[PDB]
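Undergrad: Got a structure for you, questions after.
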Amino acid sequence: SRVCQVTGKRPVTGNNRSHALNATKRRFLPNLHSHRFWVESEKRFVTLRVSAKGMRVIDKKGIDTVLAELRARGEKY
Amino acid sequence: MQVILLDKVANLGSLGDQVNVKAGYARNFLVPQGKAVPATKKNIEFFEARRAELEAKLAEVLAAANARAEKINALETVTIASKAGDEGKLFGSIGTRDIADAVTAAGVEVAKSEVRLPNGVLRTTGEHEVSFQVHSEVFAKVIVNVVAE
RNA sequence: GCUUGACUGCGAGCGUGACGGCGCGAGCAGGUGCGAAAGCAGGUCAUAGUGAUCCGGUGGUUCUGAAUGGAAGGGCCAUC
RNA sequence: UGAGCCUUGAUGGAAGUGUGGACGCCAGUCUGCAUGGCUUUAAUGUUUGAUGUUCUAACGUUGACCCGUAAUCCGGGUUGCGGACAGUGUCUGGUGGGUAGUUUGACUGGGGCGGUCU
RNA sequence: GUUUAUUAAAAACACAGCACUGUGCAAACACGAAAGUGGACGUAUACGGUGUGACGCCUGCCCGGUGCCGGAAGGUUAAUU
RNA sequence: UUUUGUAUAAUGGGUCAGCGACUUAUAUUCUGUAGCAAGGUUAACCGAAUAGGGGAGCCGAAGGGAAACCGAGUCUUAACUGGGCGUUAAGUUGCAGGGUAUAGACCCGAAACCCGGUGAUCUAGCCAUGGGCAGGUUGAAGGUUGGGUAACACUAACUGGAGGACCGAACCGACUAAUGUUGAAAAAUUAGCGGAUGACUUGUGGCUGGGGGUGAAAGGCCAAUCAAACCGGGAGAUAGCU
RNA sequence: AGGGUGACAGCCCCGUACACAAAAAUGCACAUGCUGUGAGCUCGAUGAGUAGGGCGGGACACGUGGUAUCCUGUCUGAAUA
RNA sequence: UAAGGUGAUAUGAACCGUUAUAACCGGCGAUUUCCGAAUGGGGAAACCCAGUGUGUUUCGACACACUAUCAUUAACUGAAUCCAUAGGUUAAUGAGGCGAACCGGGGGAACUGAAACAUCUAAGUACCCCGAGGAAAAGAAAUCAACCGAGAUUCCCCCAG
Ligand SMILES: [Mg+2]
Ligand SMILES: [Mg+2]
Ligand SMILES: [Mg+2]
Ligand SMILES: [Mg+2]
Ligand SMILES: [Mg+2]
Ligand SMILES: [Mg+2]
Ligand SMILES: [Mg+2]
Ligand SMILES: [Mg+2]
Ligand SMILES: [Mg+2]
Ligand SMILES: [Mg+2]
Ligand SMILES: [Mg+2]
Ligand SMILES: [Mg+2]
Ligand SMILES: [Mg+2]
Ligand SMILES: [Mg+2]
Ligand SMILES: [Mg+2]
Ligand SMILES: [Mg+2]
Ligand SMILES: [Mg+2]
Ligand SMILES: [Mg+2]
Ligand SMILES: [Mg+2]
Ligand SMILES: [Mg+2]
Ligand SMILES: [Mg+2]
Ligand SMILES: [Mg+2]
Ligand SMILES: [Mg+2]
């Protein structure tokens, strides 16, 4: 459903605001690329709908600290 | 992305060393494949003792075979008469075994692999300054009293 | 021939416009030029040769400037 | 292969008799390979951009199998192919009646044309 | 053959035929924010688009303008730095 | 009623009865009237609720300047002049009215625009599965036999049975005229007319939904509606016009 | 107060003020029992892909304006009393 | 509570009660077919079809009861692959659907006004969607203030068109 999945970054809406300042709803959407992660500890190759930056999170907090959450809120994975 | 290395890793390996590398190289290869691990302190700022539990620990408190020259230098006269004969010469020669052998204090035991002698002690009998060269820079000194029978 | 009155600040009082404006103006203060002097000069003999407001640009100013000192920005005067 | 850097060069243990490279006010000479009583600028490492290759390990596969499963979807696994490409997100130049919203003056002896507008 | 159900049946549309052009297959293209689907369980003797409109004899000259195709060496040039 | 002007052959009204259009809220300014007066007056709220309390606050008694500032003066300017605006003004708060502002703003009225739903029982395409076409005519390809050839061509009879083939009912359609035109009928009747084994015709069910569909292309059809359907909503759209 | 009664009623009727009433069921207050929670005291700690930043939008009365502050799709990214 | 009663158009019939549950009023319960979230599967709503059982039975079988999906947990099972997961079965709970306004959030017009129209307006309105409560939301300063100080949020009047 085009959701960051790891940081719940959904696609927000906005205006194109062309020159002359002309309104036109456009809506911005996250990056996402569904990556293949190696939990290692769980010895499984889990894959998530992770999105840019949100990927920097995993590499910052923990592939297990992340999966710690996610599974906490009751998400898939 | 630093991560402490865990092996050879071509242009950057030390079986344990931090090095700035692209996260694309990690979390894709230098990791998930057993070759490194993120520098999360818990593996360095806390797991640095592994690098300080030898050269800095098992190299200082390693008290055991460091006091060689000291432990051995006041023996009970290492008399090793390498025999003699024929106009006052010798029947036995001096080598690596006999030397670091008779040099035993109280029924102790010394490996003959710890001798300090350039060449081979030609057959004589006079003062034989047989130093007990054990460790590299940590060797000792002993003697031998060759004569006859 | 000599010069910069095509000056600065004001202006009794009038004309002409629905208004925004526009025009005429003696005389007053400061300072100029020409003339011996009285005096004349605030552009051209007069009536066309033109663009409001906004938004800004440039110079000046101890007017203002959000805790205070500055500053940005704003006002004011000159001006594009 | 461009640019950094500074590392090593010219700038500014003895002769003498071959050979490259440097360009010159030259008629110079400069400097590296036998036998012999700080800038102006270049190799080394390095950093970094520019393409061009190769690799696998992300990523793709509407190839082939296995299992879920007496399934054509889907998921996991194995293998092959492709491979940091493709594709997508944000930003950005071009294109864009495909679509959308509008504008397209007045006087005028009817309107239009012509002319006019201070 | 088709068409303006309810004023137009036609010289209009359609057609077989012709020509141009796109498309190498996860085709072009089209419906769809997407997944997916038609094209086609087809694969250039195939599919889409456009114009001409059996058949016969034919289909001349112009590439300056516009579009499209190729080149891109150089001039101008976005974000970015 | 609208007009320079209407008996006007210019508009509206068959008649009657009932209903039908300058409102309301807050604000601001005058006029009248009442209260108090260099002062007038409270808001919310409290409340022994129309009291009383509450003066937060608003207006006025001071103005000039762009302002700092100054002050019955102050700006302008170097400025003494002068000139502009002020100073020998009573205001304030209710109540009723005239006017304006914001609102639907006197009342009725568009053609349209936007949002969400309902519609392929009509019709246009298509998909699945069933049905229909009296009668009569033509006579292709192929084959057989004779001839013919070196063998094929070729030829002739017979056989054969093709075709968006022919004539013509059912069936589908719709070229002509009359009649109908407050019809029998919101497209028909009557006499002729076109196709009638085909791009045919029909039953049943299904799929395309509105800026969307469908279209052998007329802007045609999408429920007697179509250069953007119907229903509900924005909504009392707006209407310098009648 | 009000309504009815064969015309308009305090005194006909039902009411009316006033005063009473609950087997049971429950709203809400207190009060307590069961479960859960956990008070209090010492010494600690004191919220990072975050705050800021560049690009695009959006919200602040404030239409990028000299424009603070807030949210963020996208790329980054600190101090830590 | 009571001398009257068996609701209405509704009389009549046939009855019940005049003391103490006749009727009637209120509290709590029993029954409560079929459709409808509809939940055994299906289905053109109020109908069609099934599995496993229970007890009773002439013991044919009867009707009746349970059997949807998902979520959490528990237990037992269990692929590619040792393990392990994925998947499977069961059970216990909870959800589902209705709803008038108010409330929070996601998405979001145009007519209109600007006497034209793009910025702007209408308006974050109409409308669609999701969620929750009796209220919602918000809320104990990285708040204002101005060198004096104030002290969460929310609502009213002023400040001020
Ligand atoms: Mg002249
Ligand atoms: Mg257009
Ligand atoms: Mg419009
Ligand atoms: Mg005109
Ligand atoms: Mg025909
Ligand atoms: Mg016709
Ligand atoms: Mg033609
Ligand atoms: Mg032709
Ligand atoms: Mg030609
Ligand atoms: Mg007239
Ligand atoms: Mg008349
Ligand atoms: Mg009347
Ligand atoms: Mg025929
Ligand atoms: Mg007929
Ligand atoms: Mg016929
Ligand atoms: Mg049908
Ligand atoms: Mg119709
Ligand atoms: Mg409206
Ligand atoms: Mg109207
Ligand atoms: Mg059922
Ligand atoms: Mg069901
Ligand atoms: Mg307008
Ligand atoms: Mg303080």
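Undergrad: Which of the GluC sites (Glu not before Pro) found in segment B:1-97 are in a DSSP loop and have at most 13 neighbouring Cβ atoms, other than their own, within 10 Å?
TA: B:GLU45, B:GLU48, B:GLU53, B:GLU55, B:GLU60, B:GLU76, B:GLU87
Undergrad: Cut-off is 10 Å between beta-carbons; in what order do A:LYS43, B:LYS141 appear when sorted fewest neighbours first?
TA: Final ranking by Cβ density, sparse to dense: A:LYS43, B:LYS141.
Undergrad: Ordered by residue, what ³J(HN,Hα) values in Hz, to whole numbers, does segment A:52-58 give under the Karplus form 6.51 cos²θ - 1.76 cosθ + 1.60, where θ = phi - 60° and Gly and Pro are x?
TA: 2, 6, x, 7, 5, 5, 3
Undergrad: In sequence order, what are the phi-derived ³J(HN,Hα) couplings for segment B:92-105 according to the Karplus relation 6.51 cos²θ - 1.76 cosθ + 1.60 with θ = phi - 60°, rounded to whole Hz, with x for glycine and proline?
TA: x, 9, 9, x, 6, 5, 2, 4, 5, 10, 4, 6, 9, 5
Undergrad: On alpha-carbon atoms, Rg over Rh for chain A using Kirkwood Rh?
TA: We get a ratio of 1.16 for chain A.
Undergrad: Ok, one more. On a straight-distance basis, which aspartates and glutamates could pair with B:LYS112 in a cross-link, Cα separation under 14 angstrom, same-chain partners fewer than 8 positions away excluded?
TA: Reachable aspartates and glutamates: B:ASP98, B:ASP101.
Undergrad: What is the calculated FRET efficiency for B:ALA74 to B:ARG123, with r their C-beta to C-beta distance and R₀ = 41 Å, to the nearest 0.05?
TA: For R0 = 41 Å, the calculated efficiency reads 0.90.
Undergrad: Suppose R0 equals 45 Å; then what is the FRET efficiency for B:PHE29 and B:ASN66 from their Cβ-Cβ distance, rounded to the nearest 0.05?
TA: 0.55
Undergrad: Taking amide H positions as placed in the peptide plane 1.01 Å from N, state which residues far from A:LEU48 in sequence (5 or more) or on other chains have amide H under 5 Å from it.
TA: Close amide H contacts, sequence-distant or interchain: A:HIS35, A:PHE37.
Undergrad: Using the Karplus curve 6.51 cos²θ - 1.76 cosθ + 1.60 with θ = phi - 60°, what ³J(HN,Hα) values do you get for each residue of segment A:25-35, in whole Hz, with x for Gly and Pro?
TA: Ordered by residue, 3J(HN,Hα) equals 3, 10, 6, 9, 10, x, 7, 6, 7, 6, 8 Hz.
Undergrad: A further question on this structure: Anything over 22 Å Cα to Cα? Flag those among A:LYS76/B:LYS42; B:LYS8/B:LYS57; A:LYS43/B:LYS22; A:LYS61/B:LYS41, in the order listed.
TA: Flagged as over cut-off: A:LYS76/B:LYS42; B:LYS8/B:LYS57; A:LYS43/B:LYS22.
Undergrad: Moving to a separate point now. Quick one: which residues, 5 or more positions from B:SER131 or on another chain, have an amide H under 5 Å from its amide H? H modelled 1.01 Å from N in the peptide plane, none for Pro or chain starts.
TA: Residues meeting the amide H criterion: B:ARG116, B:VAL142.
Undergrad: State, as an integer percentage, the relative contact order of chain B based on alpha-carbon contacts under 8 Å between residues 6 or more apart.
TA: Computed over chain B, the figure is 20 percent.
Undergrad: Once amide H atoms are built 1.01 Å from N in the peptide plane, which residues 5 or more positions from B:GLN18, or in another chain, come under 5 Å H to H?
TA: B:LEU5
Every read-out reported here was derived from the displayed coordinates using simple, explicitly stated rules and does not represent laboratory data. All Cβ positions, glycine included, derive from the backbone under ideal geometry; neighbour counts span all protein chains shown.
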